[PDB]
There are 2 protein chains.
Amino acid sequence: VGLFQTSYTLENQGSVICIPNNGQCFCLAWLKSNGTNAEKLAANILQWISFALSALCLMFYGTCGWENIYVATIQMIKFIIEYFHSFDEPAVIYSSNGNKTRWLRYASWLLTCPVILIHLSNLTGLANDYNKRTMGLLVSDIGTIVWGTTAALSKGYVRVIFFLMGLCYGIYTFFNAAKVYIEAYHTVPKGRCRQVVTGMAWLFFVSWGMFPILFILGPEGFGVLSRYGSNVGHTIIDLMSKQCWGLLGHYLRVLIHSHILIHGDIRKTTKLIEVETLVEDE
Amino acid sequence: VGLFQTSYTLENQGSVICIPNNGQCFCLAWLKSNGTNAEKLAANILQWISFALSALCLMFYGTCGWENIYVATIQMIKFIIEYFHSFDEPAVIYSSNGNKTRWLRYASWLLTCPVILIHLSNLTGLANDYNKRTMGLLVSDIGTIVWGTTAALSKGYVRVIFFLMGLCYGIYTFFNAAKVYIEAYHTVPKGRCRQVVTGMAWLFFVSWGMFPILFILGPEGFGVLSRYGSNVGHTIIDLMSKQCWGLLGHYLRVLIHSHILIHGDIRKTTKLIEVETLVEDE
Ligand SMILES: *C/C=C(C)/C=C/C=C(C)/C=C/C1=C(C)CCCC1(C)C
Ligand SMILES: *C/C=C(C)/C=C/C=C(C)/C=C/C1=C(C)CCCC1(C)C
């Protein structure tokens, strides 16, 4: 049922595998089960829900918050890819060391993670701003994925080496992200904007923290999850980190724009680093 | 000589391949030659030259031009990886569709390409600046690599689909890079700073243009190059785009710092978008 050799014969008391000389690659490890059909159905359900969310968001989404459009476009594009080839090469990489590495997921990360951190870097959406710290957020994060991908393709020790490399990059990514949220909390007005900024932080760290968690629980780690079981949990934290988080960031930037129009753009320097807090009256 | 099955037997008039049931994966396509030993030696030579350059640059390199340090660190780190596992999994991905995808290269791109575009975004190295356009440079470029990687792992039509996807992203990356160089040329002083800025542009577009060129010439494309023969040319444009280009960017930012100290930071608005040209006298 795949584009590689799946039918074979055992010979010489199980010490020889004979396969057809059809030109297809063959490995016994690739034929291990991805999981239970109860988990496959659970994954195929959330695939539509996330796809429906992405479509509802692209509908709903139609300053210019281009960041939300990009991850949503990439998301529902990926689900079109996923519906038709959720386990075909190269959506799933069946490598020479028997590793099934879900490159579809890690590619979607590389496409959307820096765009979320860009949205985080300009949480208020105000003007051509950002900072030098933004580059630290984007350079470190791409690192974690590249190491995390490399770890998933690798096996044994070097998987740990590259996972620990990606973990160290991930620690740098989380801290600089806290420095962004901390300032963003004290920059946005005292109203509901600070409620949604704090909530965006929780959605951020929780969902983002689960990615190295699911890497340890999944086949990439000690395999306490199935390949289907890893697709389920990943979809949940994908939904949290991408579609719901971009929604609040949209709801935040709306509350900012209204406040900026009604009360104007008013700044009151507050000490922490000096932040220009948005206020109501001059 | 690899971590996958390399010894096998033909049976039934060449219609059956029998392999040992040792648990190793097996594919006939993975056993195709990478190239000629004359080309392997040529690749192993430039590997040291690039490694020696990276070491000489890390020596030499020791505002804070952190960007040059990063690609140089990643480069000589990669050569340590390359010297020991230039064709082991997952430095080279032997996938179920017989594709050998050199993930070491594409990972090094993901690690260093956005850092070069960051250096390009702050060519003068002056202050916490950058722009919104920078995000277009970084989002588009990561796209080209992700599609280009996906194309290299893929086969046939979808390789073209993802290559054309990466090509469209690459066109966006090159244009916004020209807009950066064009402004950088008119921002830096009239002296030798404009010579080195123009030269950085030529090193940029030539070496960067060769990457989709070598993708078409290599096994990823019509295979007019060998796998070793692709390692040779890639090293050359790696050397150009990374070590030599970062050197000029260092020589540029030095000429800027001296000019800023001697003549001060003087701006004269010139029309193109309005650029604050660095001048000598007020
Ligand atoms: C939409 C998906 C997002 C925003 C995913 C973010 C994922 C990470 C930050 C993953 C990090 C990992 C580490 C820091 C350790 C190495 C393995 C991990 C990659 C999965
Ligand atoms: C140090 C290496 C660098 C800076 C490499 C840059 C490589 C590219 C911009 C490659 C681009 C490609 C396309 C635009 C078409 C798809 C395939 C390519 C990836 C290799």
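Basis of the calculations
Residues numbered from 1 in each chain as written, not as in the entry; some residues may be left out. Chains lettered and ligands numbered in written order. Heavy atoms only, no water. Residues with missing side-chain atoms left out of burial classes, pairs and counts. Contact = heavy atoms within 4.5 Å. Helix = DSSP H or I, 4+ residues; strand = E, 2+ residues; numbered from the N terminus. Nonpolar A, V, L, I, M, F, W, Y, C, P; charged D, E, K, R; others polar. Pairing = 2+ DSSP bridges. Salt bridge = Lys/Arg side-chain N within 4 Å of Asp/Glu carboxyl O. Buried < 20%, exposed > 50% of the residue type's maximum accessible area, 1.4 Å probe, protein only. Axes fitted to C-alpha atoms, helices over the stretch in contact; angles between N-to-C directions. Least-squares fit on C-alpha atoms. Disulfide = S-S within 2.5 Å. Near = heavy atom within 4 Å. Areas by Shrake-Rupley, 256 points an atom, 1.4 Å probe, with all protein chains shown as cover.

What the deposited record gives as its method is X-ray crystallography, and the resolution it gives is 3.200 Å.

A. Structural detail: the interface of chain A and chain B. If you look at the interface, chain A gives 56 residues, while chain B gives 56 residues. Of all the secondary-structure elements, those providing two or more residues to the side of chain A that touches chain B are β2 (16-20), α2 (66-85), β3 (93-94), α3 (103-121), α4 (132-153) and α5 (157-187) of chain A. The biggest single contributor to the side of chain A that touches chain B is α4(A), with 12 residues. Class assignment of the residues belonging to the side of chain A that touches chain B gives a composition of 38 nonpolar, 15 polar and three charged. Relative to strand β2 (residues 16-20) of chain B, β2(A) runs antiparallel, the two being bridged by five bridges. What sits directly across from A:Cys18, in β2(B), is B:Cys18.

B. Just the pattern of salt bridges, in detail. All names here are of chain A. According to the stated counting rule, one finds 14 salt bridges over all chains in the structure shown. Of the charged contacts in the structure, one is a salt bridge between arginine 267 and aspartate 265, with a shortest N-O distance of 2.9 Å. Classification of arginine 267 by relative accessible area gives partly exposed; the value is 35%. With relative accessibility at 44%, the residue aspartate 265 sits in the partly exposed group.

C. Main features of the sheet that holds strand β1 (residues 9-11) of chain A. Ordered in space as β1(A)-β2(A)-β2(B)-β1(B), the four strands form an open sheet in which the pairing is antiparallel. A strand with exactly one partner marks an edge of an open sheet, and here the two such strands are β1 of chain A together with β1 (9-11) of chain B. The sheet shows a mean angle of 30° between the axes of neighbouring strands, direction not considered. The sheet contact formed by β1(A) and β2(A) spans three bridges and is antiparallel. Its bridge partner being in β2(A), A:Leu10 is matched across the sheet by A:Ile17.

D. Fine view of the relation of the copies chain A and chain B. Overlay of chain A on chain B (RMSD 0.0 Å): rotation 180°, translation along the axis 0.0 Å. Each copy turns onto its partner about a two-fold axis. Closest approach to the rotation axis within chain A is made by the C-alpha atom of A:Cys18, at a distance of 1.8 Å. Interface overlap between copies: 100% of the residues of chain A at the interface are likewise at the interface in chain B, consistent with a symmetric, same-surface contact.

E. Just the state of the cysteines, in detail. Applying the stated rule across the entire model yields three disulfides over all chains. At a sulfur-sulfur separation of 2.0 Å, the disulfide partner of A:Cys18 is B:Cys18. An S-S torsion of about 115° defines the bridge between A:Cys18 and B:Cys18 as right-handed. With A:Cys18 in strand β2 and B:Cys18 in strand β2, this residue pair bridges two chains. Residue classification places B:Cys18 among the buried positions, given a relative accessible area of 8%. Between the sulfur atoms of A:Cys25 and its disulfide partner B:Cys27 the distance amounts to 2.0 Å.

F. Inspection of the site of ligand 2 at higher detail. All names here are of chain B. The local shell around ligand 2 holds 14 residues, among which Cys113, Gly166, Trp208, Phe211 and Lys242 are the closest. When ligand 2 sits alone it has 530 Å² of accessible area, and the protein chains cover 98% of it. Those elements that provide at least two residues to the shell around ligand 2 are α3 (103-121), α4 (132-153), α5 (157-187), α6 (192-217) and α7 (227-262). With four residues, the top contributor of residues to the shell around ligand 2 is α5. For the shell around ligand 2, the class distribution of residues is seven nonpolar, six polar and one charged.

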